[PDB]
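Structure first, then comments.
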Amino acid sequence: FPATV
Amino acid sequence: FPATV
Amino acid sequence: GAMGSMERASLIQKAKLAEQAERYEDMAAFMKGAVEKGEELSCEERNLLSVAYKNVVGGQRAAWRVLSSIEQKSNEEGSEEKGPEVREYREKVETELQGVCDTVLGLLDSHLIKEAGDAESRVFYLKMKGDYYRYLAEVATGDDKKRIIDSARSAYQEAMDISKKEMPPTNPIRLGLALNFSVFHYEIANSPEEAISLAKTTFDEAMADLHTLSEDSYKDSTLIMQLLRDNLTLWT
Amino acid sequence: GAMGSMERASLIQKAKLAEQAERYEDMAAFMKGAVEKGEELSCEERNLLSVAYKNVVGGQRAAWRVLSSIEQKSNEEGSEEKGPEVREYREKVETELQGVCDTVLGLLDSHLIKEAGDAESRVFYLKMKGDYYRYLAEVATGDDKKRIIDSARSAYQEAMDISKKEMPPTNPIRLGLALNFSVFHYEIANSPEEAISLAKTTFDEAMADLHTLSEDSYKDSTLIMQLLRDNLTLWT
Ligand SMILES: N=C(N)c1cc(-c2cccc(NC(=O)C3(Oc4ccc(Cl)cc4)CCCCC3)c2)cs1
Ligand SMILES: N=C(N)c1cc(-c2cccc(NC(=O)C3(Oc4ccc(Cl)cc4)CCCCC3)c2)cs1
């Protein structure tokens with residue numbers, strides 16, 4: 001999964 | 001801490 | 001509200017304790033109680049709120065993905081019927097996830113966003129609103145899925161418009177908003193080119209503004225820039 | 001029981017799904033529902049029950065330790081009074097922990113132990129009874145602390161007596177019981193010499209019986225023997 005903050 | 005199972 | 005009898009300051013203190021104890025459901029309950037006191041949140045308090053619910057919903061999302069994967073396999077050609085249990089339990093986790101999202105969205109709508117006038121608070125809350133509609137979108141399948149997606153898009157877009165007018169390109173809130181809106185484009189909106197364009201443009205505009213920053217601000221901004229690059233590497 | 005309307009087999013299936021999703025509170029609730037169907041548990045089912053509650057109470061214990069540590073520091077000479085909040089929140093976690101322990105002990109008393117006639121089930125359940133009284137002992141401070149300790153000791157002792165009569169020295173249940181009873185001696189009963197003696201004797205008697213085992217049984221037994229050695233290395 002891609003990075004999110 | 002010591003190991004327990 | 002079962003937190004209605006506790007002092008606001010005690011709720012914030014206990015949220016920090018719950019964080020140290022990795023008790024994020026408690027943390028979220030304490031911060032919900034703090035929000036419901038009705039006062040605006042400080043910068044630290046907004047981040048306590050976001051950390052708490054991000055951790056709670058993150059665990060729910062991970063569980064949902066495991067269960068959805070098992071469910072898909074049970075439905076492939078060749079599988080042995082295992083009955084309704086996988087679907088039922090995936091639905092149970094999904095409903096709990098939707099409940100948490102609805103709770104957070106409810107706090108933002110009553111009344112955090114409407115009282116948020118400064119860019120750092122308003123962009124932060126609108127980013128959260130996009131994020132939690134995005135999590136609802138991840139599990140949506142009904143008559144409402146397009147509308148959920150458009151609610152996420154609209155919140156992110158308003159946050160983006162404010163951030164480009166009111167914050168420097170290295171502001172970590174602006175960067176994190178762009179990171180997540182880019183993921184929305186890639187994973188939710190089936191717009192990988194928009195996702196890639198947004199991540200790249202955000203990264204390059206930030207790079208050109210790093211020279212203005214202190215060492216500590218530089219560290220904060222470059223951390224999120226590395227996440228943008230990480231996603232770009234994943235996608236190209 | 002909110003699980004009273006669900007099929008026993010569906011509860012067991014969902015416990016396994018909850019495990020795969022790392023949803024251990026759900027897992028424990030499903031296995032409590034299965035126990036409350038009133039039938040004896042198979043070997044696999046007993047381990048599902050133990051895995052679930054071990055994970056739940058393990059997290060509570062870790063949180064309690066963090067909070068107790070913060071509380072002790074707040075009470076040292078030189079600290080700034082931070083009010084009742086640390087104590088209150090430690091008490092909250094402690095009460096939830098005690099509730100989980102009481103729930104497990106209640107399942108063992110109604111009526112898992114009394115129906116357990118085979119050594120593998122009876123020793124397993126009495127070990128659990130010792131374990132959950134041990135967790136209660138870890139947080140106990142009142143008129144009842146000695147009695148809680150003696151309840152743990154008594155359950156472990158009955159399990160030990162059965163295991164030495166009815167199981168080989170390499171049986172992993174026998175080994176795990178001895179491991180944990182040894183930790184009880186060291187950490188709860190202030191009997192480090194008993195702890196060390198028990199771990200060493202258990203290890204040596206197991207070593208001498210490994211020659212009787214298949215490769216798969218050997219792997220299971222030597223894994224727990226390594227935990228015994230690990231503790232002995234910690235303590236000497
Ligand atoms: N956990 C607590 N007790 C407290 C946390 C804070 C706080 C205050 C300002 C900013 C951050 N930053 C962050 O958490 C991170 O960066 C963000 C987060 C969100 C966005 Cl929208 C953008 C970047 C999260 C991701 C990696 C880098 C750091 C934290 C005060 S108290
Ligand atoms: N998690 C599930 N779905 C299922 C687990 C089982 C199962 C059935 C028999 C035995 C074990 N063994 C264990 O879990 C371990 O060893 C023990 C545990 C307890 C004791 Cl009293 C002694 C040794 C735990 C500690 C390290 C080595 C392994 C598991 C069936 S299903």
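Which order results if D:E36, D:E76 are arranged by neighbouring Cβ count within 10 Å, fewest first? Could you put the intermediate results ahead of the total?
Working: D:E36 15, D:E76 7.
If I rank by nearby Cβ atoms, fewest first, I get D:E76, D:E36.
Distances from D:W235 to the same residue in each other copy, label points 7 Å out along Cα→Cβ, in nm, shortest first?
From this label point to the equivalent ones elsewhere in the assembly: 5.6 nm.
Take the Cα gyration tensor of region C:8-235, multiply each eigenvalue by 5, square-root it, and list the three semi-axes largest first, rounded to whole angstrom.
Values: eigenvalues 188, 117, 53 Å².
Over the Cα atoms of region C:8-235, the ellipsoid semi-axes are 31, 24, 16 Å.
In the neighborhood of C:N47, defined by Cβ-to-Cβ distances under 13 Å, what is the net charge if each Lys or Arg adds +1 and each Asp or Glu adds -1? Don't skip to the answer; put the middle values down first.
Numbers: positive: C:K16, C:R46, C:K54, C:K127; negative: C:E19, C:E44, C:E45, C:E120, C:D220.
Residues near C:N47 contribute -1 overall.
Mean-square fluctuation check for chain D, GNM, Cα pairs under 10 Å: which of D:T222, D:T212, D:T95 is largest?
D:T212
How far, in whole Å, is the nearest Cβ of chain D from the axis relating it by rotation to chain C, and which residue carries it?
Taking the axis that maps D onto C, the answer comes out as D:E25, 5.
I'd like the FRET efficiency for D:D209 and C:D230, computed as 1/(1 + (r/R0)^6) with the beta carbon distance as r and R0 of 56 Å, rounded to 0.05. Let's see the in-between values first.
On the way: r = 52 Å, r/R0 = 0.93.
For D:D209 and C:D230, the calculated efficiency is 0.60.
More than 19 Å apart: what percent of Cα pairs in region D:152-236 qualify?
Numbers: 1171 of 3570 pairs.
Percent of Cα pairs beyond 19 Å in region D:152-236: 33.
Pop out the ³J(HN,Hα) list for region C:94-103 in order, Karplus 6.51 cos²θ - 1.76 cosθ + 1.60 with θ = phi - 60°, rounded to Hz; leave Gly and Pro as x.
The phi angles translate into 4, 5, 5, 4, 4, x, 4, 4, 4, 4 Hz.
Return the sequence-ordered ³J(HN,Hα) values of region C:202-207 in whole Hz as given by the Karplus equation 6.51 cos²θ - 1.76 cosθ + 1.60 applied to θ = phi - 60°, using x for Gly and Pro.
4, 4, 5, 5, 5, 3
Would you mind checking C:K82/D:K32; C:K54/D:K16; D:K54/D:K145; C:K14/D:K114; C:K146/C:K219 for any pair whose Cα atoms are more than 32 angstrom apart? Display every interim value, and only then the final one.
On the way: C:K82/D:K32 22 Å; C:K54/D:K16 26 Å; D:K54/D:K145 22 Å; C:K14/D:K114 42 Å; C:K146/C:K219 38 Å.
Going by Cα-Cα distance, C:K14/D:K114; C:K146/C:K219 fall outside the 32 Å limit.
Hey, what do the phi angles of region D:114-127 turn into as Karplus ³J(HN,Hα) couplings, whole Hz, using 6.51/-1.76/1.60 and θ = phi - 60°, x for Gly and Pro?
5, 8, 8, x, 6, 4, 5, 7, 5, 5, 4, 5, 5, 4
Where the label is 7 Å out from Cα toward Cβ, how close does D:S217 come to the same position in every other copy, in nm, shortest first?
7.0
In nm, what does the list of distances from D:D109 to its counterparts in the other copies look like, shortest first, when each label sits 7 Å along Cα to Cβ?
4.7
Per residue, how big is the convex hull around the C-alpha atoms of the protein assembly as shown? Give it to me in cubic angstrom, could you? Please list the in-between numbers first.
Details: hull volume 103.2 nm³, N = 482.
For the protein assembly as shown, the hull spanned by Cα atoms encloses 214 Å³ per residue.
Suppose only helical runs count, i.e. DSSP H with n ≥ 4. What mean residue ellipticity at 222 nm does that imply for chain D under -39500 (n - 2.57) per run, divided by all residues and rounded to the nearest 500 deg cm²/dmol? Display every interim value, and only then the final one.
Numbers: 9 runs with 172 residues, N = 236.
For chain D, the value works out to -25000 deg cm²/dmol.
FYI, it's all coordinate maths here, none of it is from the lab. FYI the Cβ positions are ideal-geometry reconstructions off the backbone, even for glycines, and counts take in every protein chain you see.
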